[PDB]
Amino acid sequence: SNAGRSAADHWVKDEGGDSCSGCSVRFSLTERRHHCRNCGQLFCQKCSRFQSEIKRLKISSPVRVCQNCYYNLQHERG
Ligand SMILES: [Zn+2]
Ligand SMILES: [Zn+2]
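First residue of the sequence shown? That's 1 in the entry's author numbering, and the numbers climb one at a time after it.
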């Protein structure tokens, strides 16, 4: 007993290679790209606009992380 998933307004889907995940904006010389080492998705400099390590992922070194992650990475201590 399972179910599928989809939307009501989506005539395309290929945001997995060189396009933001929270914007789908095709990365370019003006749009920086970064694959979140926490989730594994590519976001734009305007999406995450942050940078830090991911202790939750056994990462002590500072890497690219989405805002959703960064916010939790800073409040991880408290
Ligand atoms: Zn974005
Ligand atoms: Zn993330």
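A virtual CB, placed ideally from N, CA and C, is assigned to each residue, including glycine.
(message) Quick check: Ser-48 and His-34, are their CB atoms within less than 8 Å of each other?
(response) A contact, by the Cβ cut-off of 8 Å.
(request) Using 7 Å as the cut-off, classify the Cβ of residue 109 as near or not near the heavy atoms of ligand 2, replying yes or no. (result) Limits of the chain in this structure are 1 at one end and 78 at the other, which puts residue 109 out of reach.
(message) For a quick check, are the C-beta atoms of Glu-15 and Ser-6 less than 8 Å apart?
(response) With a cutoff of 8 Å on beta-carbon distance, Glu-15 and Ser-6 are scored as not near each other.
(message) Given this structure, state the Cα-to-Cα distance separating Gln-67 from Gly-40, to the nearest angstrom.
(response) When rounded, the distance between both Cα atoms is 13 Å.
(request) Counting only the same chain and skipping the five closest in sequence on each side, list residues whose C-beta sits under 8 Å from that of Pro-62. (result) The answer, listed in chain order, is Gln-51, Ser-52, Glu-53.
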